[PDB]
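Residue numbers (the UniProt record's numbering), protein chains in the order written: chain A, 24 to 219, 226 to 555, 561 to 648; chain B, 24 to 219, 226 to 555, 561 to 648. Positions of the beta carbon are idealized from the N, C-alpha and C atoms, including for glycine. This report concerns only the one structure given below.
Number of protein chains: 2
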Amino acid sequence: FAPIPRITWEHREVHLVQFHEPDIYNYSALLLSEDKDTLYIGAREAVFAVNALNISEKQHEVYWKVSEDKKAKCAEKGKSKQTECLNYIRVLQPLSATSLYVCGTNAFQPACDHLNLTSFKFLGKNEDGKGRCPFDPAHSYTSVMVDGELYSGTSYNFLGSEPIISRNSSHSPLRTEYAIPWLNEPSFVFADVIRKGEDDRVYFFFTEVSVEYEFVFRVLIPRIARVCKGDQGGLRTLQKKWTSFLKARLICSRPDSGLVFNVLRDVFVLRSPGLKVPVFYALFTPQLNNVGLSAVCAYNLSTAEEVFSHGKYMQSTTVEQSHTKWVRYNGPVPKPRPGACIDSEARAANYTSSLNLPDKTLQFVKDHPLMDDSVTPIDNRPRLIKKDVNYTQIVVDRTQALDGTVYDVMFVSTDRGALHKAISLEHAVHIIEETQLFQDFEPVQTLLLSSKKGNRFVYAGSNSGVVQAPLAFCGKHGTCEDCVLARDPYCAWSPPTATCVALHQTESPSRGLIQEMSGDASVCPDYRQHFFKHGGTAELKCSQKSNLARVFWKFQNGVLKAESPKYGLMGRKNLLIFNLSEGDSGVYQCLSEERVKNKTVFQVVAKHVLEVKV
Amino acid sequence: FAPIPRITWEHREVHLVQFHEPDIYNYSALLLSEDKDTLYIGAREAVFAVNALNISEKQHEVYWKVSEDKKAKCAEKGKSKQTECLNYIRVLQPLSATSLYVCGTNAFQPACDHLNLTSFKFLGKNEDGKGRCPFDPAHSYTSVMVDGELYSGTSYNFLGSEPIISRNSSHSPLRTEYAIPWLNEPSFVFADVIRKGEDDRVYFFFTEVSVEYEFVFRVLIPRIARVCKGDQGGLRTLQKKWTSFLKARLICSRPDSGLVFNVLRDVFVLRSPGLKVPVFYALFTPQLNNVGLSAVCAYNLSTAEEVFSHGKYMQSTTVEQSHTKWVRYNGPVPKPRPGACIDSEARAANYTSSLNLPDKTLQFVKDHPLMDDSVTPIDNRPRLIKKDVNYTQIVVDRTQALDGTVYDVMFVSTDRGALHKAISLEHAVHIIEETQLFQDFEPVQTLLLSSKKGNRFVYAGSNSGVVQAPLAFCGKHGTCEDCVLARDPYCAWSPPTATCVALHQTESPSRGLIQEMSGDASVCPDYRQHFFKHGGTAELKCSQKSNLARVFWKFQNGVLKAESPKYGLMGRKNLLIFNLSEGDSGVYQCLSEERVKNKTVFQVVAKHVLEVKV
Ligand SMILES: *[C@@H]1O[C@H](CO)[C@@H](O[C@@H]2O[C@H](CO)[C@@H](O[C@@H]3O[C@H](CO)[C@@H](O)[C@H](O)[C@@H]3O)[C@H](O)[C@H]2NC(C)=O)[C@H](O)[C@H]1NC(C)=O
Ligand SMILES: *[C@@H]1O[C@H](CO)[C@@H](O[C@@H]2O[C@H](CO)[C@@H](O[C@@H]3O[C@H](CO)[C@@H](O)[C@H](O)[C@@H]3O)[C@H](O)[C@H]2NC(C)=O)[C@H](O)[C@H]1NC(C)=O
Ligand SMILES: *[C@@H]1O[C@H](CO)[C@@H](O[C@@H]2O[C@H](CO)[C@@H](O[C@@H]3O[C@H](CO)[C@@H](O)[C@H](O)[C@@H]3O)[C@H](O)[C@H]2NC(C)=O)[C@H](O)[C@H]1NC(C)=O
Ligand SMILES: *[C@@H]1O[C@H](CO)[C@@H](O[C@@H]2O[C@H](CO)[C@@H](O[C@@H]3O[C@H](CO)[C@@H](O)[C@H](O)[C@@H]3O)[C@H](O)[C@H]2NC(C)=O)[C@H](O)[C@H]1NC(C)=O
Ligand SMILES: *[C@@H]1O[C@H](CO)[C@@H](O[C@@H]2O[C@H](CO)[C@@H](O)[C@H](O)[C@H]2NC(C)=O)[C@H](O)[C@H]1NC(C)=O
Ligand SMILES: *[C@@H]1O[C@H](CO)[C@@H](O[C@@H]2O[C@H](CO)[C@@H](O)[C@H](O)[C@H]2NC(C)=O)[C@H](O)[C@H]1NC(C)=O
Ligand SMILES: *[C@@H]1O[C@H](CO)[C@@H](O[C@@H]2O[C@H](CO)[C@@H](O)[C@H](O)[C@H]2NC(C)=O)[C@H](O)[C@H]1NC(C)=O
Ligand SMILES: *[C@@H]1O[C@H](CO)[C@@H](O[C@@H]2O[C@H](CO)[C@@H](O)[C@H](O)[C@H]2NC(C)=O)[C@H](O)[C@H]1NC(C)=O
Ligand SMILES: *[C@@H]1O[C@H](CO)[C@@H](O[C@@H]2O[C@H](CO)[C@@H](O)[C@H](O)[C@H]2NC(C)=O)[C@H](O)[C@H]1NC(C)=O
Ligand SMILES: *[C@@H]1O[C@H](CO)[C@@H](O[C@@H]2O[C@H](CO)[C@@H](O)[C@H](O)[C@H]2NC(C)=O)[C@H](O)[C@H]1NC(C)=O
Ligand SMILES: *[C@@H]1O[C@H](CO)[C@@H](O)[C@H](O)[C@H]1NC(C)=O
Ligand SMILES: *[C@@H]1O[C@H](CO)[C@@H](O)[C@H](O)[C@H]1NC(C)=O
């Protein structure tokens, strides 16, 4: 299990910019512009444009509030008039340079519209968002705009009994089948297009009730799925339906410890400036006995692609003679491959679209959407497993250290408004710091990263507002030792400026900078006076930031024992000399000790010169 | 989830009698005599007889140490010469008035013998305990002596690859089949005879790899099983094999919370003086994501009896065409019923023993040992679910309160040498107290209850020694309020003696005693002076035992705020007045507040009269 966050930053001790509109709640949708300087917020009954560099600067505002006759219609359907019967923005996507595509629950009448960016006024397109947007603010939902066409995963109805992964195309509308083999009680988590003869694919991530597994209760299972951008459906069968829909198990577990995380919470696509293949960073929690635990598994796209392209499918079979069981299909697979895209191979066999695929192949995919092979993580284990924390959303920044060693920086939000910064150091997790983003411990519902030159920020939304944080707080570190010991690839010590700087931001010289991810503060170069009355009591204040260090006191060059009657420890860090007399005068030193590898790192926290009067 | 233990007793603050022999370890077997005054301890390479009333009084001792040629033989087989290659006592059972039946691992040569009680010397019977006793001190094991015949569940071999539930009878030896349907990687937990035409039954409890369930990893499942005392095996088939072996799922879970506890740790049989039917109190932990959690489920014997007597069996089937799946069997069941005992019905159809049962019935049971129905707990939920605690063994005492309301008192041991006392109050768990039995936090391996008049004790064994504790510490409670607030059915307040007494032990008058399980201390009838120097500092000590209460201070009839500079709180309970002056003199009161139901209970903990000198 991952250790405790090395340093805890109170909302008070760091520079965090906040945004909220009075009487406006549920800041669940976040979208930043092309230029990255304008962040758009989708809340309950409102859409805003804020300066992404200072979220507190409100630029534009637009509302989409529900009428009383629509609220009462919703309430008459036994829903909560002042809770669920309101317009929760669920779809906030780029449409053009001059517009956004917006959908809201709208007292259970999913409605879509175009937000005119030049005016920040809605165009009144008033489209029926049934299938595109959920009815209930409680229902799961995911959407990705690909080539001005919305690819959405949510419920097709009011009750949330009909799930749907569909494309609102207008030219070629396509949707999933309303069948258990296709989708079995899913809870949508994330979707994105993975761009390139070879066609683009639109991946979907969700948790659904498993068909392959049987246990005491119904077992959930994380799913990775994909569809082909060029899909047009089948001609005779799969009319207006996906022909390219294949899914597989997403497995996040440490078995030598019986830890299985079968509930997917978030998915982030690490788009490597260097690496040609994207890495999905997926966030999971266990369905069973969650108390709570969180795990972060990283999946190489190539792995998943290997399953969808060459993996054996699963067959459903009748078993004695009213039951259905699912097993590996070892029978003959049709050609062209069921679920495959219109690639170079297909085009050679005179196949231009799904509309001209053989009925043999189309029937196969319709009856075999599920793959036998699981999609496994890189190094076949989670990147991080944490206890006593319920992680909510994830973002990852691939950063180059001073050394040139590349670290994948994990920003993980909690259900209590906190953000953890973690890196997988040499075969062990290091949680650099934790920051309390929300003073009200509101769970971070959404998280969004901008790693772009200048505007390097993380944006977190909750029901109470939005928070803007940098990727590091290098300046909070006082000494070179403190700067190095942090083991943050973002932070380096600058001897000329006598400040711990943010490497890859500051205008300090690279060649003349200090950073050691080993934590060996050895690479570094290197008195509060008091006058108290006789008989009186002294409180010598001492504090440090490491949650992984312990402090001890020293008087007259010896390790002082804070025991009654002469001594006491107030708050485990502040020394208390009780009965002051001639001999108590002199130097009192507060020291810290923290283990890095095998070695211990002692640091002098406080220096005190106590003088007792006569 | 169950709250935290109301009061924590340090090993220091309670009267606990301890026993251990220098250089003797692993005190895993405990057996008390008929008279209940002599407790026999089975350790590694030794057996002792101690006064059960004062375990520290060693009465008798006997050793059974392994020879160097036997240790070296064991070590040559790649085992640990100074760890596993020693005689761990595994079987410590009553044989007669003048003898005990003892088996030890014996450097992987399971050996049995008779301990002559009149001499406390072994008889040298030197029986081969293969099947009766495990080879490895790591292997699971269970045994019950029924009518001078040992019924044992353990491994049949060195590697622990062959499991076995068998009867060392001499007249009619019987054992299980070495087949997955019968036993699939079991870990034995407990066994006992459930006594009465109707035959007696010998129940077995264990955890084994499930055949009915399929998940990411192999799923374990707790099992309740039984065999008939009168079994003699089959004549043509099941030659020297159990014909009465039936098993079923033992289910301990809260599903509205996704909590499943599929690993059985201990089983206790509540033999009710009043209730005609015994209740099994079973202790479970989860296989998946245990961090750790413990649950206590109580099962009514009648329920289990209903499954074994009328439940539909499970069939194994071939599925496409190399796999095996298990489903409910809805086909024709033979008569006499497979797995049933030789009852009144069978005897009418001229069946005297298993040896004369039709081959039809015998073949059925051999191919269908597993039942389709699960054995569920009373009120279909656990009696207790606890987090942050790994419970090891359980005992239950059915006790009558002053009111006459019967409480089933749960004594639960932990893997850190602690004992919790819990009762299921009105639809909520109340953990009365917790006691640190082992100063070395050694896990309690075995637990044994003597609820008998006079000698009312709990005996706990660990690798470091044995501990003797009473069932209550009524005397530790100071006031009537404190006595009542404890909500311990064992404790009552005595106004004449001004002491909190143990109801059903003391010679105090029943009619003139105070006890309220509601916790309403309203039924009850109803100054440390200091003189400190001017300018000096005062520490006003205040403490109480409730882990569920918080203390606040009062000065000059007002709730004082322990904030800098004038005030401070040392250890969250001790008040610190910093700069003494004329006005600081007077009465300082430490008060406690604890919620019972809705209401708060304020109590005056400490009274102080502080006088500041001039
Ligand atoms: C994600 O999965 C892809 C799929 O294989 C990984 O890519 C491949 O990794 C292998 C492993 O070495 C490469 O093979 C060879 O690399 C050595 C190293 O220099 C080279 O000397 C050999 O001549 C050969 O090229 C393979 O080329 C490479 N292919 C691609 C397209 O990347 C990828 O590394 C995985 N990424 C992660 C983070 O797991
Ligand atoms: C949108 O944001 C608002 C802002 O907090 C969320 O409001 C909160 O709603 C919950 C109920 O869903 C309130 O909890 C209470 O639950 C008990 C249980 O029955 C009920 O008896 C109480 O009357 C109350 O509803 C919570 O107090 C409330 N917060 C505030 C400040 O009023 C809202 O739930 C969010 N909606 C979504 C879809 O996230
Ligand atoms: C354990 O399971 C047994 C199996 O049923 C339970 O025993 C039975 O409980 C029923 C429930 O009432 C008894 O039926 C009736 O009880 C009422 C109460 O006075 C009486 O007025 C009716 O005339 C009738 O007797 C049934 O007789 C009883 N049978 C036996 C053998 O006990 C038992 O109570 C369960 N114990 C626990 C702790 O769950
Ligand atoms: C019987 O009781 C003794 C008394 O404590 C138990 O002794 C303990 O045995 C464990 C190993 O099983 C020792 O732990 C260590 O494990 C590491 C891991 O490789 C190893 O490198 C060390 O050399 C050592 O073996 C533990 O220190 C030891 N306790 C003492 C005081 O020596 C014994 O395990 C118990 N046997 C059974 C079957 O319960
Ligand atoms: C989007 O909003 C802009 C903002 O007004 C609209 O711009 C006006 O467009 C009309 C022609 O249609 C011009 O005559 C006005 O002078 C424009 N005003 C401004 C301030 O630019 C634009 O038309 C809107 N687009 C749509 C589709 O409604
Ligand atoms: C969602 O589907 C509707 C259904 O057609 C699309 O609506 C058409 O939109 C185009 C402009 O993009 C208009 O020219 C057509 O006249 C519209 N027809 C109808 C019937 O509405 C809509 O554009 C789709 N939206 C997205 C984001 O894909
Ligand atoms: C982690 O999240 C779980 C829920 O997923 C929390 O468990 C709930 O805690 C509340 C608080 O009293 C209880 O009322 C609920 O009944 C609990 N539900 C379940 C399923 O346990 C858990 O407390 C959280 N823990 C941490 C460390 O974040
Ligand atoms: C059990 O131990 C007792 C203790 O000695 C044995 O008792 C002796 O028995 C012999 C006859 O066999 C008598 O002559 C001795 O006088 C007895 N001595 C005592 C002290 O009682 C007894 O024999 C042992 N039982 C077995 C089976 O060996
Ligand atoms: C375990 O099985 C052995 C096998 O027979 C039993 O041994 C017999 O024990 C009786 C006395 O109980 C002797 O009279 C016989 O001569 C013994 N025969 C053999 C071959 O040993 C043994 O008693 C059984 N033990 C238990 C506790 O049931
Ligand atoms: C409860 O028991 C579990 C084991 O069943 C403990 O978990 C182990 O804790 C040690 C301590 O560092 C680790 O080294 C092991 O790797 C852990 N194993 C597993 C499977 O988690 C757990 O810490 C115990 N917790 C409590 C509160 O008793
Ligand atoms: C932008 O941030 C600065 C930094 O303190 C602040 O002074 C300024 O008022 C902010 N702008 C707005 C509109 O809040
Ligand atoms: C029995 O317990 C008493 C109580 O203190 C003790 O004094 C006595 O020595 C114990 N007996 C033995 C043999 O330890």
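Beta-carbon spacing of A:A447, A:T464 below 8 Å: yes
Please tell me whether B:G490 and B:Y50 are closer than 8 Å, where the distance is taken between their beta carbons. Yes. Within cutoff.
Three-way DSSP call (helix, strand, coil) for A:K94 in this model: helix
Beta-carbon proximity check, A:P307 vs A:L330, cutoff 8 Å: A:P307 places its beta carbon less than 8 Å from that of A:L330.
C-beta atoms of B:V296 and B:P315 nearer than 8 Å: no
Could you check which residue in A:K88, A:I30, A:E80 has the C-alpha nearest to that of A:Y48? A:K88
Sorry if obvious, but does the Cβ on A:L123 come closer than 7 Å to a heavy atom of ligand 5? no
Would you call the CB atoms of B:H397 and B:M343 closer than 8 Å? yes
Secondary structure of B:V248, DSSP reduced to three states: coil
Contact criterion: CB-CB distance below 8 Å. Does A:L399 meet it with respect to chain B? no
Test: B:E597 CB closer than 8 Å to a CB of chain A: no
Closest to B:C108 by C-alpha separation, out of B:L264, B:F158, B:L610, B:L118, would be which residue? Comparing alpha carbon positions, the residue from B:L264, B:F158, B:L610, B:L118 closest to B:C108 is B:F158.
Taking a Cβ distance cut-off of 9 Å, strictly less, list which residues of the region 303-326 of chain A are near chain B, in chain order. For the region 303-326 of chain A, which is checked against every Cβ of chain B, the residues closer than 9 Å are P315, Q316, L317, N318, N319, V320, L322.
Of the residues B:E536, B:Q497, B:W522, the one placed nearest B:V37, counting alpha carbons only: B:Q497
Please report whether the beta-carbon of A:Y328 lies at a distance below 8 Å from any beta-carbon of chain B. no
Under the criterion of a Cβ to heavy atom distance below 7 Å, does B:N77 qualify as lining ligand 12? yes
Residues that A:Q429 bridges to, as DSSP identifies them: A:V435
Under three-state DSSP, which class holds B:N484? coil
Reduced DSSP secondary structure (H/G/I, E/B, other) of A:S373: DSSP places A:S373 in helix when its eight states are reduced to three.
Burial state of B:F565, where buried means 16 or more other Cβ atoms lie within 10 Å: exposed
Is it right to say A:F636 is buried, meaning 16 or more other beta carbons lie within 10 angstroms of its own, or is it exposed? exposed
From which residue to which residue does the beta strand (DSSP E) around B:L317 run? Run containing B:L317: none; DSSP gives neither H nor E here.
Hey, out of A:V348, A:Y622, A:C370, A:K81, whose CA is closest to A:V40's CA? A:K81
Which residue marks the beginning of the alpha helix (DSSP H) containing B:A333, and which one marks its end? 330-339
Chain-ordered chain A contacts of B:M604 [CB-CB under 9 Å]: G602, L603, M604, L610
Just the chain D side, please: which residues come within less than 7 Å of B:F244 by C-beta, in chain order? Protein chains A and B are contained in the structure displayed, whereas chain D is not.
Should A:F246 be labelled buried (16 or more other beta-carbon atoms within 10 Å of its own) or exposed? exposed
Would A:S90 count as contacting chain B if we go by Cβ distances under 8 Å? no
Starting from B:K389, trace the alpha helix (DSSP H) in both directions and tell me its first and last residue. 388-396
How about B:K270 and B:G259: are their beta carbons less than 8 Å apart? no
B:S282 at chain A interface by Cβ criterion, 8 Å: yes
Under 8 Å: do the region 421-437 of chain B and the region 517-526 of chain B share three or more Cβ pairs, one atom per stretch? Yes, the region 421-437 of chain B touches the region 517-526 of chain B.
Rounded to the nearest angstrom, how far is the Cβ of A:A214 from that of A:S166, given a contact under 8 Å? The pair is a contact, with the Cβ atoms about 7 Å apart (cut-off 8 Å).
Is the shortest distance between the beta-carbon of B:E349 and the beta-carbons of chain A less than 8 Å? yes
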